[PDB]
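Taking the form deposited in one PDB entry, here's one chain by itself in structure tokens.
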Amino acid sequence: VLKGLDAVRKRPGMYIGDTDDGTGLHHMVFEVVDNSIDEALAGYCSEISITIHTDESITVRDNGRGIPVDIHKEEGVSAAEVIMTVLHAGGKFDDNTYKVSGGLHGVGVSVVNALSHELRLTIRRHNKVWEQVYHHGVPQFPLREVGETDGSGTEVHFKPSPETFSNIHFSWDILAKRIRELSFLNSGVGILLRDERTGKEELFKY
């Protein structure tokens, strides 16, 4: 019986949705972006960028508070690592978790992490820069300090795993349609979509 991220990599459809028709693939982006939008709603984030790279990887960057980096007392690793590597169980008995189709809503970034062959996390918090890298959800090394900064926020770069997803090709139109909606709802945040494949860029703002 598989638990945790093992369960996710075994049956990714139960979490992210269909892994062949583009549903799950675009859900990966929105699961990351929704965490930034959480920062916007809380009044800490005014800037989100979403970049599609020429290798069909994604970079989401926000100017929110930065994922917490303190050592977690119970796990003995950074809070950020716990958030990245533990399947969140708080939603399991909430109505809003379960979709008619397309997997789960609010699955968490740890599911994005599990289904990415590489995920690079860069946090600006407490005037330091912190970085962690993962592969298929497994940390390569503990979160570590790599510099100083005068700002704060979170950057996630992820490469969808071809062993989970087929037809790995992001759609500007699918992303823009949701981003329009999020921009409408969250008027204090500007959301930049950047497509390095086509050279196209657009800033979405209420």
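Only the largest set of C-alpha atoms that superpose within 1.5 Å between the two forms is called the rigid core. Only residues modelled in both forms are compared. All residue numbers are counted from 1 along the displayed sequence.
Another form exists, deposited in another entry; not displayed. Remarks below refer to it.
- Just one of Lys128, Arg120, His105, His136 moves its Cα by 2 Å or more between the shown form and the other one on a rigid core overlay, and this residue is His105.
- With the core held fixed between the shown form and the other one, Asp94 has its Cα displaced by at least 2 Å.
- In that other deposited form, the Cα positions of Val109 and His105 lie at least 3 Å nearer to each other than in the form displayed.
- Between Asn96 and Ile16, the C-alpha separation grows by 3 Å or more in that other deposited form, relative to the conformation displayed.
- Comparing the conformations between the shown form and the other one, with the rigid core held fixed, yields the displaced runs 1-3, 89-107, each spanning 3+ consecutive residues whose C-alpha shift is 2 Å or more.
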